[PDB]
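We begin with a single chain expressed as structure tokens, specifically the form deposited in one PDB entry.
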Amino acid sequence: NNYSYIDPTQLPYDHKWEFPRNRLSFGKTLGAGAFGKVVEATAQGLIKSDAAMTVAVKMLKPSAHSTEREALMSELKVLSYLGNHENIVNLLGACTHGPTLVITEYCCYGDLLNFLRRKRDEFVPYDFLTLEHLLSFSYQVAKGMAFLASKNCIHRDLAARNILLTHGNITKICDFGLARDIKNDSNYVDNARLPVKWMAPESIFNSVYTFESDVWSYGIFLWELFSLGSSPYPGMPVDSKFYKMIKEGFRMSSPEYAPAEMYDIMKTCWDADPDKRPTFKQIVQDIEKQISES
């Protein structure tokens, strides 16, 4: 035991992140749920001493159990360990001296799923959404996930709803509440509500999460993207028949606007054998070549 994997959630909270609570002014709620809410806010003096900036602030309800408080702190420590990357919603600060507040970047265009549904009607393959945009988004998300995988981290809730868009058509992966550093055991074994239609079969049937199950979810994200924000497995409810069809190899067909090479990636992401799925590193190089040929 002279060498070990450093567990990022065991490391101390770095007080370089600490920011005064009184310098945040809370605005409109950006997301809400059982644990708490994410709210838009103006932070005075966060980056430059005399300037206010718009941030997103994640917070728990007062009623949350101390285990929920630990999970928010673990997320904070995971983001601190990961460091900065262009394609992830980056940590900006925290308030840990009343309730724990986690301050991240504010993405002005919101989640990609609603963005696609807004732009669906005016989409043209060739300020309109185009096929070039969709290729860039697929590429940027794969870069972000490749970065996560290189840090021995799995996200576990990859989907268009958890991809945010900000200035410059930059996509950022958000919501790291379920992310895990799996360096030690090569997978993660998880009773909350789960995103069944984005989950690999091994995650549904045996509660196993890996690099490869993140790649499955990325395939579903691609289908969301090139169908311009449609719900996956349309007209199929989550029931006994859904699980049986997935187990027996049923897969979604190519969305209307997906290039053949992109649906090829989707199919490999959805292989029943996790070993046969590609890595995010391989996906990035594939999409690179596709972009290079217009």
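Residue numbers here begin at 1 and follow the sequence given. Throughout, rigid core stands for the largest set of C-alpha atoms superposing within 1.5 Å between the two forms.
One more form of this protein exists, namely the form deposited in another entry; it is left out here, but the text below deals with it.
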Option from 179, 158, 88, 116 moving between the shown form and the other one, CA shift at or above 2 Å, rigid core reference: 179
Residue 38: Cα shift of 2 Å or greater between the shown form and the other one (core-aligned): no
Core-superposed comparison between the shown form and the other one, residue 62 Cα displacement 2 Å or beyond: yes
Rigid core superposed: residue 9 CA moves 2 Å or more between the shown form and the other one: yes
Distance trend in the other entry - C-alpha atoms of residue 86 and residue 180, change of 3 Å or more: farther
In the other entry, whether the C-alpha atoms of residue 176 and residue 38 sit closer or farther than here (change of 3 Å or more): closer
